[PDB]
Amino acid sequence: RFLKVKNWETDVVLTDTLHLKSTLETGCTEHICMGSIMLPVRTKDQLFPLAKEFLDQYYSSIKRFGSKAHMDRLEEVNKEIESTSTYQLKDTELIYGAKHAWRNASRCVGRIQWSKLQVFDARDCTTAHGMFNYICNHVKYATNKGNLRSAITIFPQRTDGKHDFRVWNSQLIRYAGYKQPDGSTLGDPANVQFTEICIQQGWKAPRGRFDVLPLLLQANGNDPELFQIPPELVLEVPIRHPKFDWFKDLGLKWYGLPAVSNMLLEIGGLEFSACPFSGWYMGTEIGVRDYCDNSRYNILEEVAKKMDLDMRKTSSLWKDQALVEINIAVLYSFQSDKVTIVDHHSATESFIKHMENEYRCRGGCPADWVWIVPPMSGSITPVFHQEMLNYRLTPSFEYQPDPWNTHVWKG
Amino acid sequence: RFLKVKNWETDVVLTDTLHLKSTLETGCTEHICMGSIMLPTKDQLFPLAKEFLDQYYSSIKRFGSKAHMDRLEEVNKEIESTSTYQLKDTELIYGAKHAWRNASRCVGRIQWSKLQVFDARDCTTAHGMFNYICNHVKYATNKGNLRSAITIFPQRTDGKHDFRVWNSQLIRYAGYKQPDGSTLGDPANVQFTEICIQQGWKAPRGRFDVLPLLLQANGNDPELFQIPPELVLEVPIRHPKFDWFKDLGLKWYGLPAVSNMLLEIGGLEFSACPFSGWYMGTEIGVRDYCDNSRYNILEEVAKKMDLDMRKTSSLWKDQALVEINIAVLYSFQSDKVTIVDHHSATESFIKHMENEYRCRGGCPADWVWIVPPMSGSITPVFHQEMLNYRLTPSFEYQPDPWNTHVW
Ligand code: HEM
Ligand code: HEM
Ligand SMILES: Cc1cc(N)nc(CCc2cccc([C@H](N)Cc3cc(C)cc(N)n3)c2)c1
Ligand SMILES: Cc1cc(N)nc(CCc2cccc([C@H](N)Cc3cc(C)cc(N)n3)c2)c1
Ligand SMILES: C[C@H](O)[C@H](O)[C@H]1CNc2nc(N)[nH]c(=O)c2N1
Ligand SMILES: C[C@H](O)[C@H](O)[C@H]1CNc2nc(N)[nH]c(=O)c2N1
Ligand SMILES: [Zn+2]
């Protein structure tokens, strides 16, 4: 079967066949659409088909489908599963797998970049100290003094679910949040709970507005351990505005390296529960969400006060006006310090070209519109006008519950 | 089967049960989500009638009463005999209000119960349609103090005698392709404009020419009427700070009025049912003015503001956008024509959502449409999970009549 998507700005129509390869379910039914819901040990039995499907894909991609090398590899994985109940990926399969999980990530607007990903194989890691070293090298490599490079570090896969490698941090770099006795929050309100866990595990909190959190790392199912990232490895950008000289005095800064550390990478039925990956920021992630969400740094009022906007009615659009100025400031600062960043116009334009390419060469591009459309100026970006089909391909990145809810403590 | 929706800003979780009464299909499956696709007999009719009358009699706290059973009986009688049936006035009003209540793409539904319904089921000609529509326009406009209204023409019979308003909205500007290669007026209305000229309209050939109505009665060929100019309330657009803004020569109309949709009540189909409320500012300032395929004015405004248009990263587009939207709101407010900003509208809808969860067990909502086309995440709807499903009575999209009509 074929499915069509139309761009309502250009009348360009694309034909999707790739959705035929989708197996995993979406949360939607014929009677209900869950497209805006945020979250909508395997047996040998279920493992071999998953391994086979993956290796078929891998072998097709290298133009060796059906070859003796293909067949030997299938047989070899089959026997490995048969007798050890799991199997190990070759380096080449691991790289391909991690690239494809990104390629298949339907909420990611940055996917034009998917084939340039530096993959760090950390499958020989055995301890939390070992994980700390690997993550430091990843940060330094990815950061590259401002010329950011995409990378992923992949720790040992799940075995019995009792020996998981996990990075407890949600992102490798994030600022502490501290709930005050008066109910106010100092620092980032999104990280309060994790900040409390770190303190409890023994971290000495400086208690300021922009304290980089320590890493909390679990190797092989053991209790997690605390490590501080060397400050010299944490690139930060002080935020200032090209025309507004009072902007610097708000005291804002942000880190350059966006790096997700809480997701699960699935490749051929294998589960990599610690797989931190990084790219570079789109400006709106910081300037719209991190700075302006009511439940985050929430700076809109203070910014619009200083711009002396009329704040007595929402209809003066004071929030919208202050929002644009903040986002100009974030982009200006990163640019001035030579730290890679992309604006939402450029990123969405690139994504449309990427999506069109994928439709030609691949037969589709699963995309989640809710997430792809930027959180400001939606309809003056080309993605707003683009119909998209969302479905689930493997390899994939998956959400997993926070480990403090599930961890069995050794004490 | 009992589903939760969470607000990620506030942590409020609501439980939706109303979705189980959902009837029609979404386009989505367990394998593929189509949330962002714009368009995803006697035997059939009695179940639809029963379903509706059951909910009607339930709403007036008379479920299972003799009068309930008596009506079900009467409608049953009427369908078997005549192959259709007629709604009571009370049923028609209820159904109309509920079609709006069930419109999952509508941010303004806190208002749903204040809808003036004009019963035009006695209309027989296109001249009559015209009279009805002017009266609707004048009632709804109310000298700038807008009131929600719908006018409901006769229901589908055998489908060869449909009433249709050919216009997509009651009030729209003409579009003309030019020798120049460009487009004069609203590019969204070129085709319909051509049909008007084709049908006889003498186009003024200006940038903001109010289109005439093309009305079809009883499946006849459609006829042309100009809405009395004095009933079409328009607003000149000025900015409170940029004195040059008015020099762009921009105006928009005060009355948003959808005329191309099909109202379905108790299985009956009302193919001409124009309805109106009042604008949310972004519809005009973001979409009408700034869509590339619309009036597309961003460049001209940014130039007058002397912004650095050299690089996208200066956010010149975003800056000019906010300004255009400030000007729309200000102009409507200055001339006292009802308008709502996206902050106030979305705040109202969140309150409406909580009322509907508390009082009905849910509220079908389409997040892709509800979230405003600018400043998404600074409105509360951005952080609200929504379930989208189809309830009847409903408004449904229908194909442009010129594709269906045999002359
Ligand atoms: C290279 C520059 C990149 C840019 C500009 C970019 C852009 C984005 C943005 C804006 C989001 C939404 C983030 C949010 O709203 O919180 C996102 C989500 C995501 N991207 Fe990227 N991306 C990049 C690289 C990567 C890389 C390297 C990977 C992994 C290999 C990746 C996989 C994802 C995934 C899995 C999500 C969904 C995250 C979630 O559900 O929390 N992206 N991307
Ligand atoms: C009272 C003020 C009202 C406001 C502020 C309002 C708000 C809106 C907005 C902003 C949209 C999106 C339209 C677009 O993006 O093009 C919309 C869609 C819609 N509203 Fe309303 N609404 C109002 C009244 C009404 C009334 C009176 C009805 C019916 C009686 C109605 C039914 C609809 C329907 C069916 C849609 C979807 C239209 C489509 O698919 O093209 N609304 N509403
Ligand atoms: C590689 C990369 C590049 C780039 N430009 N940006 C990023 C930032 C990604 C990110 C950061 C913080 C929080 C979230 C998301 N908010 C985290 C989240 C939370 C929940 C509940 C569900 C879910 N699926 N996700 C996602 C990463
Ligand atoms: C009552 C009311 C109040 C209000 N504030 N706004 C409105 C705007 C109505 C409207 C106007 C232009 C275009 C469309 C819609 N974009 C027209 C349309 C096109 C297609 C292809 C599908 C589809 N479902 N709809 C809908 C109405
Ligand atoms: C409820 C809703 O799905 C939620 O607020 C989503 C909307 N779109 C998003 N889009 C992106 N890129 N990131 C997000 O975190 C969200 N949050
Ligand atoms: C393709 C996508 O569904 C389309 O651009 C939608 C997005 N959201 C919208 N939202 C509203 N309110 N109105 C629209 O016309 C659209 N268009
Ligand atoms: Zn869906």
# chains A, B, ... in the order shown; residues from 1 in each chain; ligands from 1
>>> residues_near_ligand(ligand="ligand 1", cutoff="8 Å", atoms="only C-alpha atoms and all ligand atoms", output="VMD selection string")
chain A and resid 98 to 99 101 to 103 105 to 111 113 to 114 117 149 to 152 260 263 277 to 282 284 to 285 289 341 to 342 347 371 to 372 374 396 to 399
>>> closest_atom_pairs(of="chain B", to="ligand 2", cutoff="9 Å", atoms="only C-alpha atoms and all ligand atoms", output="Markdown table")
| residue | atom | partner | partner_atom_place_in_ligand_line | distance |
| --- | --- | --- | --- | --- |
| B:38 | CA | ligand 2 | 40 (O) | 8.4 |
| B:96 | CA | ligand 2 | 30 (C) | 7.0 |
| B:97 | CA | ligand 2 | 30 (C) | 6.7 |
| B:98 | CA | ligand 2 | 30 (C) | 8.7 |
| B:99 | CA | ligand 2 | 30 (C) | 7.1 |
| B:100 | CA | ligand 2 | 29 (C) | 4.5 |
| B:101 | CA | ligand 2 | 29 (C) | 8.1 |
| B:102 | CA | ligand 2 | 35 (C) | 8.4 |
| B:103 | CA | ligand 2 | 35 (C) | 5.1 |
| B:104 | CA | ligand 2 | 37 (C) | 7.4 |
| B:105 | CA | ligand 2 | 37 (C) | 5.0 |
| B:106 | CA | ligand 2 | 43 (N) | 3.7 |
| B:107 | CA | ligand 2 | 7 (C) | 4.7 |
| B:108 | CA | ligand 2 | 4 (C) | 3.9 |
| B:109 | CA | ligand 2 | 22 (N) | 6.5 |
| B:110 | CA | ligand 2 | 1 (C) | 8.4 |
| B:111 | CA | ligand 2 | 1 (C) | 6.0 |
| B:112 | CA | ligand 2 | 27 (C) | 6.9 |
| B:114 | CA | ligand 2 | 27 (C) | 8.4 |
| B:115 | CA | ligand 2 | 27 (C) | 6.5 |
| B:116 | CA | ligand 2 | 27 (C) | 8.9 |
| B:146 | CA | ligand 2 | 1 (C) | 8.4 |
| B:147 | CA | ligand 2 | 1 (C) | 7.5 |
| B:148 | CA | ligand 2 | 27 (C) | 4.9 |
| B:149 | CA | ligand 2 | 27 (C) | 6.0 |
| B:150 | CA | ligand 2 | 30 (C) | 6.1 |
| B:256 | CA | ligand 2 | 23 (C) | 8.3 |
| B:257 | CA | ligand 2 | 26 (C) | 8.4 |
| B:258 | CA | ligand 2 | 38 (C) | 7.5 |
| B:260 | CA | ligand 2 | 41 (O) | 8.8 |
| B:261 | CA | ligand 2 | 35 (C) | 7.7 |
| B:274 | CA | ligand 2 | 30 (C) | 8.4 |
| B:275 | CA | ligand 2 | 30 (C) | 5.2 |
| B:276 | CA | ligand 2 | 27 (C) | 4.8 |
| B:277 | CA | ligand 2 | 1 (C) | 3.8 |
| B:278 | CA | ligand 2 | 2 (C) | 4.4 |
| B:279 | CA | ligand 2 | 5 (C) | 5.2 |
| B:280 | CA | ligand 2 | 5 (C) | 5.0 |
| B:281 | CA | ligand 2 | 10 (C) | 8.5 |
| B:282 | CA | ligand 2 | 10 (C) | 7.8 |
| B:283 | CA | ligand 2 | 15 (O) | 6.2 |
| B:287 | CA | ligand 2 | 15 (O) | 8.0 |
| B:339 | CA | ligand 2 | 5 (C) | 7.7 |
| B:340 | CA | ligand 2 | 5 (C) | 6.5 |
| B:341 | CA | ligand 2 | 5 (C) | 8.7 |
| B:342 | CA | ligand 2 | 10 (C) | 8.4 |
| B:345 | CA | ligand 2 | 5 (C) | 6.6 |
| B:369 | CA | ligand 2 | 12 (C) | 6.3 |
| B:370 | CA | ligand 2 | 12 (C) | 7.1 |
| B:372 | CA | ligand 2 | 10 (C) | 7.6 |
| B:373 | CA | ligand 2 | 15 (O) | 8.3 |
| B:394 | CA | ligand 2 | 35 (C) | 7.8 |
| B:395 | CA | ligand 2 | 35 (C) | 5.3 |
| B:396 | CA | ligand 2 | 35 (C) | 7.3 |
| B:397 | CA | ligand 2 | 40 (O) | 6.7 |
>>> interface_residues(of="chain A", to="chain B", cutoff="7 Å", atoms="only C-alpha atoms", output="PyMOL selection string")
chain A and resi 9+22-37+293+295+314-317+320-321+324+328+331+343+345-346+369-370+375-380+387-391
>>> select_by_dssp(residues="stretch 122-320 of chain A", states="strand (DSSP E)", output="MDAnalysis selection string")
chainID A and resid 151:154 166:167 177:179 185:187 215:218 225:227 236:238 253:255 259:260 264:267 270:272 277:278 281:282
>>> write_last_selection(atoms="N, CA and C atoms", output="mmCIF file, in the first residue's frame")
data_model
loop_
_atom_site.group_PDB
_atom_site.id
_atom_site.type_symbol
_atom_site.label_atom_id
_atom_site.label_comp_id
_atom_site.auth_asym_id
_atom_site.auth_seq_id
_atom_site.Cartn_x
_atom_site.Cartn_y
_atom_site.Cartn_z
ATOM 1 N N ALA A 151 27.912 12.694 18.456
ATOM 2 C CA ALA A 151 28.557 11.464 18.901
ATOM 3 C C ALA A 151 27.635 10.690 19.796
ATOM 4 N N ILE A 152 27.901 9.384 19.927
ATOM 5 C CA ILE A 152 27.144 8.549 20.838
ATOM 6 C C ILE A 152 28.139 7.596 21.489
ATOM 7 N N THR A 153 27.950 7.300 22.773
ATOM 8 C CA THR A 153 28.775 6.323 23.481
ATOM 9 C C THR A 153 27.869 5.182 23.932
ATOM 10 N N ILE A 154 28.257 3.937 23.634
ATOM 11 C CA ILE A 154 27.369 2.798 23.835
ATOM 12 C C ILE A 154 27.983 1.801 24.790
ATOM 13 N N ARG A 166 23.314 2.112 33.469
ATOM 14 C CA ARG A 166 22.444 3.303 33.357
ATOM 15 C C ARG A 166 23.153 4.602 33.706
ATOM 16 N N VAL A 167 22.909 5.628 32.909
ATOM 17 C CA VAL A 167 23.288 6.974 33.294
ATOM 18 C C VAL A 167 22.042 7.579 33.991
ATOM 19 N N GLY A 177 18.618 22.283 40.352
ATOM 20 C CA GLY A 177 17.490 23.105 40.840
ATOM 21 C C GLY A 177 17.277 22.801 42.309
ATOM 22 N N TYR A 178 16.946 23.822 43.080
ATOM 23 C CA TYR A 178 16.832 23.691 44.540
ATOM 24 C C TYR A 178 15.526 24.306 44.952
ATOM 25 N N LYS A 179 14.667 23.509 45.562
ATOM 26 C CA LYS A 179 13.394 23.992 46.066
ATOM 27 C C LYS A 179 13.645 24.644 47.395
ATOM 28 N N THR A 185 12.030 28.408 43.565
ATOM 29 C CA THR A 185 13.063 27.487 43.121
ATOM 30 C C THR A 185 14.309 28.255 42.751
ATOM 31 N N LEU A 186 15.474 27.812 43.196
ATOM 32 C CA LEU A 186 16.740 28.415 42.759
ATOM 33 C C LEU A 186 17.295 27.466 41.720
ATOM 34 N N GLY A 187 17.721 27.992 40.570
ATOM 35 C CA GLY A 187 18.308 27.172 39.486
ATOM 36 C C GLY A 187 17.213 26.630 38.596
ATOM 37 N N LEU A 215 27.711 13.708 37.530
ATOM 38 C CA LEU A 215 27.148 12.537 36.893
ATOM 39 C C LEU A 215 26.848 11.506 37.976
ATOM 40 N N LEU A 216 25.741 10.776 37.852
ATOM 41 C CA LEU A 216 25.434 9.656 38.716
ATOM 42 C C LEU A 216 25.388 8.420 37.833
ATOM 43 N N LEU A 217 26.316 7.485 38.040
ATOM 44 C CA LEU A 217 26.528 6.390 37.089
ATOM 45 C C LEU A 217 26.450 4.996 37.690
ATOM 46 N N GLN A 218 25.648 4.165 37.019
ATOM 47 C CA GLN A 218 25.394 2.805 37.441
ATOM 48 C C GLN A 218 25.992 1.851 36.398
ATOM 49 N N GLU A 225 27.275 5.741 41.209
ATOM 50 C CA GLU A 225 28.318 6.560 41.882
ATOM 51 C C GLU A 225 28.402 7.965 41.290
ATOM 52 N N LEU A 226 28.774 8.932 42.119
ATOM 53 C CA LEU A 226 28.835 10.344 41.768
ATOM 54 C C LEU A 226 30.196 10.700 41.223
ATOM 55 N N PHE A 227 30.216 11.498 40.163
ATOM 56 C CA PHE A 227 31.459 12.030 39.577
ATOM 57 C C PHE A 227 31.212 13.445 39.091
ATOM 58 N N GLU A 236 30.461 26.671 28.321
ATOM 59 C CA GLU A 236 29.275 27.490 28.573
ATOM 60 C C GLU A 236 29.315 28.792 27.798
ATOM 61 N N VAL A 237 28.148 29.367 27.508
ATOM 62 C CA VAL A 237 28.031 30.628 26.798
ATOM 63 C C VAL A 237 27.218 31.641 27.645
ATOM 64 N N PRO A 238 27.856 32.763 28.041
ATOM 65 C CA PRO A 238 27.154 33.862 28.718
ATOM 66 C C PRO A 238 26.201 34.500 27.701
ATOM 67 N N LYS A 253 23.384 32.315 31.395
ATOM 68 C CA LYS A 253 24.307 31.552 30.589
ATOM 69 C C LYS A 253 23.658 30.210 30.280
ATOM 70 N N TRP A 254 24.170 29.488 29.284
ATOM 71 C CA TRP A 254 23.763 28.084 29.049
ATOM 72 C C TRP A 254 24.964 27.238 28.592
ATOM 73 N N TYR A 255 24.864 25.906 28.674
ATOM 74 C CA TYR A 255 25.947 25.040 28.231
ATOM 75 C C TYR A 255 25.799 24.796 26.707
ATOM 76 N N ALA A 259 23.037 16.744 25.244
ATOM 77 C CA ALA A 259 23.434 15.335 25.261
ATOM 78 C C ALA A 259 22.468 14.484 26.067
ATOM 79 N N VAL A 260 21.635 13.714 25.365
ATOM 80 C CA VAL A 260 20.612 12.873 26.021
ATOM 81 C C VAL A 260 21.264 11.619 26.575
ATOM 82 N N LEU A 264 16.949 4.506 25.720
ATOM 83 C CA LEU A 264 17.318 3.141 25.494
ATOM 84 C C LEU A 264 17.447 2.955 23.960
ATOM 85 N N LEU A 265 18.579 2.411 23.545
ATOM 86 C CA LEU A 265 18.826 2.135 22.115
ATOM 87 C C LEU A 265 18.542 0.668 21.830
ATOM 88 N N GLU A 266 17.597 0.389 20.924
ATOM 89 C CA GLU A 266 17.349 -0.990 20.539
ATOM 90 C C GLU A 266 17.901 -1.331 19.135
ATOM 91 N N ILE A 267 18.750 -2.359 19.039
ATOM 92 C CA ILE A 267 19.327 -2.798 17.760
ATOM 93 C C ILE A 267 19.199 -4.301 17.698
ATOM 94 N N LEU A 270 18.439 -6.263 20.783
ATOM 95 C CA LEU A 270 19.323 -6.008 21.925
ATOM 96 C C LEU A 270 19.018 -4.625 22.508
ATOM 97 N N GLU A 271 19.159 -4.495 23.816
ATOM 98 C CA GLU A 271 18.798 -3.258 24.528
ATOM 99 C C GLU A 271 19.999 -2.633 25.204
ATOM 100 N N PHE A 272 20.342 -1.420 24.753
ATOM 101 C CA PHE A 272 21.475 -0.652 25.264
ATOM 102 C C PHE A 272 20.880 0.445 26.122
ATOM 103 N N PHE A 277 24.002 10.315 23.850
ATOM 104 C CA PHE A 277 24.290 10.857 22.524
ATOM 105 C C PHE A 277 24.132 12.395 22.543
ATOM 106 N N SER A 278 24.844 13.079 21.650
ATOM 107 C CA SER A 278 24.856 14.518 21.588
ATOM 108 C C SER A 278 24.921 15.065 20.183
ATOM 109 N N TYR A 281 22.666 22.479 19.659
ATOM 110 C CA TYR A 281 21.358 23.052 19.921
ATOM 111 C C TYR A 281 20.699 23.751 18.769
ATOM 112 N N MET A 282 19.379 23.637 18.704
ATOM 113 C CA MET A 282 18.582 24.613 17.931
ATOM 114 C C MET A 282 18.222 25.685 18.963
#
>>> closest_residue(among="B:407, B:200, B:284, B:211", to="ligand 6", atoms="only C-alpha atoms and all ligand atoms")
B:284
>>> select_by_dssp(residues="stretch 90-179 of chain B", states="helix (DSSP H, G or I)", output="PyMOL selection string")
chain B and resi 90-101+109-111+126-144
>>> write_last_selection(atoms="N, CA and C atoms", output="mmCIF file, in the first residue's frame")
data_model
loop_
_atom_site.group_PDB
_atom_site.id
_atom_site.type_symbol
_atom_site.label_atom_id
_atom_site.label_comp_id
_atom_site.auth_asym_id
_atom_site.auth_seq_id
_atom_site.Cartn_x
_atom_site.Cartn_y
_atom_site.Cartn_z
ATOM 1 N N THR B 90 -36.284 22.148 19.176
ATOM 2 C CA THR B 90 -35.446 21.933 20.344
ATOM 3 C C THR B 90 -34.261 21.006 20.034
ATOM 4 N N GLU B 91 -34.540 19.960 19.267
ATOM 5 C CA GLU B 91 -33.519 18.989 18.838
ATOM 6 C C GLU B 91 -32.477 19.625 17.907
ATOM 7 N N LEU B 92 -32.953 20.451 16.984
ATOM 8 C CA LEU B 92 -32.104 21.169 16.051
ATOM 9 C C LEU B 92 -31.128 22.112 16.761
ATOM 10 N N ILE B 93 -31.638 22.904 17.701
ATOM 11 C CA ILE B 93 -30.794 23.788 18.529
ATOM 12 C C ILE B 93 -29.736 23.008 19.320
ATOM 13 N N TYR B 94 -30.179 21.999 20.061
ATOM 14 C CA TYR B 94 -29.304 21.084 20.780
ATOM 15 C C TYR B 94 -28.209 20.483 19.885
ATOM 16 N N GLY B 95 -28.605 20.038 18.697
ATOM 17 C CA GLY B 95 -27.685 19.362 17.798
ATOM 18 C C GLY B 95 -26.639 20.319 17.294
ATOM 19 N N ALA B 96 -27.082 21.531 16.944
ATOM 20 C CA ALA B 96 -26.177 22.551 16.454
ATOM 21 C C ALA B 96 -25.165 22.941 17.546
ATOM 22 N N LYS B 97 -25.653 23.169 18.757
ATOM 23 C CA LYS B 97 -24.745 23.563 19.794
ATOM 24 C C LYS B 97 -23.711 22.451 20.023
ATOM 25 N N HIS B 98 -24.154 21.197 19.922
ATOM 26 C CA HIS B 98 -23.287 20.053 20.210
ATOM 27 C C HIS B 98 -22.269 19.741 19.129
ATOM 28 N N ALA B 99 -22.628 19.985 17.872
ATOM 29 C CA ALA B 99 -21.670 19.930 16.778
ATOM 30 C C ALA B 99 -20.485 20.863 17.094
ATOM 31 N N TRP B 100 -20.766 22.086 17.538
ATOM 32 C CA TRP B 100 -19.697 23.004 17.954
ATOM 33 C C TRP B 100 -18.975 22.453 19.190
ATOM 34 N N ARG B 101 -19.728 21.979 20.176
ATOM 35 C CA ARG B 101 -19.114 21.406 21.386
ATOM 36 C C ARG B 101 -18.119 20.291 21.031
ATOM 37 N N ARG B 109 -14.327 26.883 22.147
ATOM 38 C CA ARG B 109 -15.543 26.159 22.491
ATOM 39 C C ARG B 109 -16.046 26.448 23.935
ATOM 40 N N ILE B 110 -15.351 27.281 24.707
ATOM 41 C CA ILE B 110 -15.904 27.645 26.015
ATOM 42 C C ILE B 110 -17.246 28.315 25.736
ATOM 43 N N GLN B 111 -17.376 28.862 24.526
ATOM 44 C CA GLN B 111 -18.541 29.630 24.125
ATOM 45 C C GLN B 111 -19.708 28.769 23.622
ATOM 46 N N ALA B 126 -32.614 30.619 -3.870
ATOM 47 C CA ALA B 126 -31.303 31.146 -3.597
ATOM 48 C C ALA B 126 -31.434 32.583 -3.163
ATOM 49 N N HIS B 127 -32.468 33.256 -3.662
ATOM 50 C CA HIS B 127 -32.802 34.564 -3.140
ATOM 51 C C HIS B 127 -33.154 34.519 -1.640
ATOM 52 N N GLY B 128 -33.946 33.533 -1.233
ATOM 53 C CA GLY B 128 -34.250 33.270 0.183
ATOM 54 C C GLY B 128 -32.990 33.024 0.998
ATOM 55 N N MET B 129 -32.062 32.237 0.444
ATOM 56 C CA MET B 129 -30.757 31.958 1.069
ATOM 57 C C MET B 129 -30.003 33.256 1.296
ATOM 58 N N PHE B 130 -29.967 34.079 0.262
ATOM 59 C CA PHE B 130 -29.375 35.385 0.368
ATOM 60 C C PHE B 130 -29.996 36.202 1.516
ATOM 61 N N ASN B 131 -31.330 36.251 1.596
ATOM 62 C CA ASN B 131 -31.981 37.012 2.671
ATOM 63 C C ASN B 131 -31.580 36.501 4.065
ATOM 64 N N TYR B 132 -31.710 35.197 4.269
ATOM 65 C CA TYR B 132 -31.228 34.548 5.464
ATOM 66 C C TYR B 132 -29.778 34.882 5.837
ATOM 67 N N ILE B 133 -28.898 34.832 4.850
ATOM 68 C CA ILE B 133 -27.461 35.088 5.090
ATOM 69 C C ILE B 133 -27.187 36.550 5.457
ATOM 70 N N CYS B 134 -27.817 37.525 4.783
ATOM 71 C CA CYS B 134 -27.620 38.916 5.211
ATOM 72 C C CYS B 134 -28.070 39.121 6.647
ATOM 73 N N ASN B 135 -29.177 38.479 7.039
ATOM 74 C CA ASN B 135 -29.724 38.668 8.361
ATOM 75 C C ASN B 135 -28.789 38.059 9.376
ATOM 76 N N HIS B 136 -28.162 36.952 8.989
ATOM 77 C CA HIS B 136 -27.197 36.284 9.856
ATOM 78 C C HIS B 136 -26.030 37.218 10.010
ATOM 79 N N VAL B 137 -25.485 37.649 8.876
ATOM 80 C CA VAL B 137 -24.346 38.567 8.927
ATOM 81 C C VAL B 137 -24.606 39.802 9.805
ATOM 82 N N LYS B 138 -25.780 40.425 9.660
ATOM 83 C CA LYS B 138 -26.075 41.625 10.431
ATOM 84 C C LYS B 138 -26.258 41.288 11.925
ATOM 85 N N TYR B 139 -26.928 40.169 12.213
ATOM 86 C CA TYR B 139 -27.133 39.748 13.607
ATOM 87 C C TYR B 139 -25.811 39.449 14.301
ATOM 88 N N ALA B 140 -24.975 38.657 13.630
ATOM 89 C CA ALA B 140 -23.664 38.252 14.188
ATOM 90 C C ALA B 140 -22.689 39.416 14.345
ATOM 91 N N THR B 141 -22.659 40.324 13.369
ATOM 92 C CA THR B 141 -21.754 41.483 13.393
ATOM 93 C C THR B 141 -22.122 42.454 14.534
ATOM 94 N N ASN B 142 -23.409 42.822 14.624
ATOM 95 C CA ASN B 142 -23.958 43.576 15.764
ATOM 96 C C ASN B 142 -23.122 44.840 16.055
ATOM 97 N N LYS B 143 -22.785 45.526 14.966
ATOM 98 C CA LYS B 143 -21.964 46.734 15.002
ATOM 99 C C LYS B 143 -20.601 46.578 15.695
ATOM 100 N N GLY B 144 -19.975 45.404 15.553
ATOM 101 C CA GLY B 144 -18.652 45.176 16.144
ATOM 102 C C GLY B 144 -18.653 44.349 17.427
#
>>> residues_around(residues="residue B:54", least_positions_apart="4", cutoff="7 Å", atoms="only C-alpha atoms", output="PyMOL selection string")
chain B and resi 50+58+63
>>> write_last_selection(atoms="N, CA and C atoms", output="mmCIF file, in the first residue's frame")
data_model
loop_
_atom_site.group_PDB
_atom_site.id
_atom_site.type_symbol
_atom_site.label_atom_id
_atom_site.label_comp_id
_atom_site.auth_asym_id
_atom_site.auth_seq_id
_atom_site.Cartn_x
_atom_site.Cartn_y
_atom_site.Cartn_z
ATOM 1 N N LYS B 50 -31.685 7.147 16.827
ATOM 2 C CA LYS B 50 -31.832 6.649 18.210
ATOM 3 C C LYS B 50 -30.708 7.129 19.116
ATOM 4 N N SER B 58 -31.551 12.238 27.445
ATOM 5 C CA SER B 58 -30.632 12.226 28.560
ATOM 6 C C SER B 58 -30.213 13.639 29.002
ATOM 7 N N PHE B 63 -34.496 10.715 30.311
ATOM 8 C CA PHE B 63 -34.108 9.452 29.699
ATOM 9 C C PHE B 63 -35.065 8.320 30.080
#
>>> atom_distance(atom1="atom CA of residue A:67", atom2="atom CA of residue A:360")
26.4 Å
>>> residues_around(residues="residue A:169", least_positions_apart="3", cutoff="10 Å", atoms="only C-alpha atoms", output="list in words")
residues 166, 172, 173, 174, 191, 194, 195, 198, 213, 214, 215, 216, 217, 260, 261, 262, 276, 402 and 403 of chain A
>>> atom_distance(atom1="atom CA of residue B:405", atom2="atom CA of residue B:189")
18.8 Å
>>> atom_distance(atom1="atom CA of residue A:81", atom2="atom CA of residue A:49")
11.1 Å
>>> residues_around(residues="residue A:251", least_positions_apart="2", cutoff="9 Å", atoms="only C-alpha atoms", output="mmCIF file with N, CA and C atoms, in the first residue's frame")
data_model
loop_
_atom_site.group_PDB
_atom_site.id
_atom_site.type_symbol
_atom_site.label_atom_id
_atom_site.label_comp_id
_atom_site.auth_asym_id
_atom_site.auth_seq_id
_atom_site.Cartn_x
_atom_site.Cartn_y
_atom_site.Cartn_z
ATOM 1 N N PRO A 238 27.856 32.763 28.041
ATOM 2 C CA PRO A 238 27.154 33.862 28.718
ATOM 3 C C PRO A 238 26.201 34.500 27.701
ATOM 4 N N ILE A 239 24.970 34.765 28.107
ATOM 5 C CA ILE A 239 24.031 35.267 27.134
ATOM 6 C C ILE A 239 23.974 36.783 27.185
ATOM 7 N N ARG A 240 24.175 37.391 26.015
ATOM 8 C CA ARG A 240 24.015 38.850 25.848
ATOM 9 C C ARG A 240 23.223 39.134 24.558
ATOM 10 N N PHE A 247 20.998 43.301 28.826
ATOM 11 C CA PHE A 247 20.675 41.861 28.740
ATOM 12 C C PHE A 247 21.692 40.986 29.499
ATOM 13 N N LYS A 248 22.981 41.313 29.363
ATOM 14 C CA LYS A 248 24.044 40.580 30.075
ATOM 15 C C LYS A 248 23.831 40.544 31.585
ATOM 16 N N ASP A 249 23.221 41.590 32.126
ATOM 17 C CA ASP A 249 23.101 41.728 33.573
ATOM 18 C C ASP A 249 21.978 40.893 34.188
ATOM 19 N N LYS A 253 23.384 32.315 31.395
ATOM 20 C CA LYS A 253 24.307 31.552 30.589
ATOM 21 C C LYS A 253 23.658 30.210 30.280
#
